[PDB]
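For reference, the structure is listed below as structure tokens.
Residue numbers (the entry's author numbering), protein chains in the order written: chain E, 82 to 224; chain F, 81 to 224; chain G, 70 to 221; chain H, 82 to 221.
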């Protein structure tokens, strides 16, 4: 009976050990599956993170280049506006110079008119004197 | 005799006066003609220059209007370029957030599943232990 | 008497075989059931992971479809910007050609004006010469008349 | 009659000289006035020539600057275009990576199904051996 109980205890210990091992092997299958699902998620998350980081950097570069264009345009828009302003001033200058030219010609005409009248009056006196000389030197004297 | 001589003299003097008056008037008409032609020429060109200046002023008014349209067009194009960048950044944020939500939902599901699996595994262990205990008790030699 | 104990032994071995067969049948059935229950937990978990994937895939598909449509609209906007610019670029280059012509026109009219004044001066020189010569013929005729008539 | 002809010739010579002198003095007034009109034209022509030259140069620079703005616009139309192309590629890349991810998870599910089946079958063999051992040893 001591032998009987020793045999029973031996079989019970072996059963306990066998169940423990068989269950642990199944537990390792769950852990493997879980490891592989997490590994797959980590691999794709790294790839998505790389894409999102590259996209964010490209948007930062695009913002930087917009700033460069705005500055370039600001400068060129000022030069273009000034070149139009100068042309409008040029038109005003030519119109004013033309009016000045016409006015100078009118002032000169008035001066010339008065000088010509004086010269014409002298010419008339000279011609009258010439005819008076001819008349007096040819005319028959009174008897 | 002297009355006749003086009448002849008076006649010649009147003719001389009339001739000088006419000859001088003809020269005076040359001055007036020259003056007329110079003024006519100035008036003709002034009218032409005025037409050109008026047309030029209107064309400068149109050129300023069109210059404003093309600069506005560039500024409007910049608005489109800037907006498309802003929308892209929003899109990136939306996709990034949806991806993080997906990963988080999978992690939450894993935690729920872990607890459910532990419970099921414990029941399985009890059933296997019960099965082996049944085999042992039904086969074993009884105490004497 | 020994034959009896031996005959008892056969009935013992028959009983032993029957007991073993019964336990083997029960074990087979129990392992099958216990494994099936675990398999169902696995299938449930797998169903819920697939359901989650299907739900997110639908949401990602919506985002990608909306993005594709927005790129089609952006291509439409880009085409209108070009077309409005092409029209405006033509009007602007035409304006600049006209103002170039205006400078040429004014420069030519100015040169024509100066040349006309020079030509008029030359014509006026001939009108004065002609008038002075006519005056010189009239004075000679007048003197001839006075001379001839004062001798009479 | 010799005296009469001498007198006439003297008066004719004087008249010719007087008309010549009087006309020359008027001609000089005319030439002076003409000189002053010609001088005035030359002064203004110099000023107009300067303005026209400067205007021509300013129109050359205005043409070049307009060209720069039109060029700047054309360069941005290319950037807005290359923005649309890069976006479409980016969308394609993300969409493909997402589909790959979903497909990989489906493939993993199928592999995991086989790992569980295999483990369950090994477990069944282990329990059968264990029962056989208990049975054989409880009789001996």
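From the three backbone atoms N, C-alpha and C, an ideal C-beta is built for every residue, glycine too.
So residue i contacts chain G; which residues on that side make the cut at Cβ distance below 7 Å?
{"i": "residue 215 of chain E", "result": "212 and 215"}
Hey, would you say residue i sits closer than 8 Å to residue j, going by beta carbons?
{"i": "residue 218 of chain G", "j": "residue 92 of chain F", "result": "yes"}
{"i": "residue 149 of chain F", "j": "residue 157 of chain G", "result": "yes"}
{"i": "residue 168 of chain F", "j": "residue 147 of chain E", "result": "no"}
{"i": "residue 171 of chain G", "j": "residue 136 of chain F", "result": "yes"}
{"i": "residue 111 of chain F", "j": "residue 197 of chain E", "result": "yes"}
{"i": "residue 165 of chain E", "j": "residue 180 of chain F", "result": "no"}
{"i": "residue 82 of chain E", "j": "residue 188 of chain F", "result": "no"}
Whose Cβ in chain H lies nearer than 8 Å to the Cβ of residue i?
{"i": "residue 96 of chain E", "result": "211 and 215"}
{"i": "residue 150 of chain G", "result": "158 and 161"}
{"i": "residue 85 of chain G", "result": "220"}
Whole angstroms are fine: how far does the CA of residue j sit from the CA of residue i?
{"i": "residue 174 of chain H", "j": "residue 201 of chain H", "result": "41 Å"}
{"i": "residue 184 of chain E", "j": "residue 216 of chain G", "result": "51 Å"}
{"i": "residue 194 of chain E", "j": "residue 122 of chain F", "result": "17 Å"}
{"i": "residue 101 of chain E", "j": "residue 90 of chain E", "result": "16 Å"}
{"i": "residue 176 of chain E", "j": "residue 142 of chain F", "result": "19 Å"}
{"i": "residue 119 of chain G", "j": "residue 85 of chain E", "result": "55 Å"}
{"i": "residue 140 of chain G", "j": "residue 124 of chain G", "result": "25 Å"}
{"i": "residue 153 of chain F", "j": "residue 138 of chain G", "result": "25 Å"}
{"i": "residue 221 of chain G", "j": "residue 220 of chain E", "result": "10 Å"}
{"i": "residue 87 of chain E", "j": "residue 214 of chain H", "result": "17 Å"}
{"i": "residue 212 of chain F", "j": "residue 116 of chain E", "result": "32 Å"}
{"i": "residue 186 of chain H", "j": "residue 95 of chain E", "result": "40 Å"}
{"i": "residue 192 of chain H", "j": "residue 129 of chain G", "result": "26 Å"}
{"i": "residue 131 of chain E", "j": "residue 182 of chain H", "result": "15 Å"}
{"i": "residue 114 of chain H", "j": "residue 159 of chain E", "result": "50 Å"}
{"i": "residue 151 of chain E", "j": "residue 151 of chain H", "result": "15 Å"}
{"i": "residue 98 of chain F", "j": "residue 127 of chain F", "result": "43 Å"}
{"i": "residue 203 of chain H", "j": "residue 203 of chain F", "result": "19 Å"}
{"i": "residue 79 of chain G", "j": "residue 199 of chain F", "result": "47 Å"}
{"i": "residue 71 of chain G", "j": "residue 77 of chain G", "result": "10 Å"}
So which residues on chain E does residue i lean against when the C-beta distance must stay under 7 Å?
{"i": "residue 219 of chain G", "result": "219, 220 and 221"}
{"i": "residue 162 of chain F", "result": "147"}
{"i": "residue 171 of chain H", "result": "136"}
{"i": "residue 118 of chain H", "result": "189"}
{"i": "residue 197 of chain F", "result": "111"}
Using a Cβ cut-off of 8 Å, pull out every chain E residue sitting near residue i, in sequence order please.
{"i": "residue 203 of chain F", "result": "Here the premise fails: no neighbours, minimum Cβ distance about 12 Å."}
{"i": "residue 130 of chain H", "result": "Going along chain E, no residue has its Cβ under 8 Å from residue 130 of chain H, so there is no contact; the nearest lies around 11 Å."}
Is there at least one Cβ from chain C nearer than 8 Å to residue i's Cβ?
{"i": "residue 186 of chain F", "result": "The chain labelled as chain C is not found among the protein chains of the depicted structure, namely E, F, G and H."}
Residues of chain F with CB closer than 8 Å to the CB of residue i, please, in chain order.
{"i": "residue 175 of chain H", "result": "175"}
{"i": "residue 208 of chain G", "result": "103"}
{"i": "residue 74 of chain G", "result": "Chain F residues near residue 74 of chain G: none, gap ~18 Å exceeds 8 Å."}
For residue i, return the contacting residues in chain F, with the cut-off set at a CB-CB distance below 7 Å.
{"i": "residue 153 of chain G", "result": "153"}
{"i": "residue 168 of chain H", "result": "168"}
{"i": "residue 143 of chain E", "result": "165"}
Determine the chain H residues that contact residue i at a beta-carbon separation under 7 Å, and present them in chain order.
{"i": "residue 122 of chain G", "result": "183 and 186"}
{"i": "residue 100 of chain G", "result": "205 and 208"}
Which chain H residues are close to residue i, counting only those with a beta carbon under 9 Å from its beta carbon?
{"i": "residue 115 of chain G", "result": "190, 193 and 194"}
In chain G, which residues lie with their C-beta within 9 Å of the C-beta of residue i?
{"i": "residue 106 of chain F", "result": "200, 203, 204 and 207"}
So with CB distances below 8 Å, who are the chain G contacts of residue i?
{"i": "residue 92 of chain H", "result": "212 and 216"}
Cβ pair count under 8 Å reaching 3, the stretch 93-113 of chain E against the stretch 204-216 of chain H: yes
Length-filtered (3 minimum) beta strand (DSSP E) runs lying within the stretch 86-174 of chain F: none
Entirely enclosed alpha helix (DSSP H) segments - the stretch 179-214 of chain E, minimum 4 residues: none
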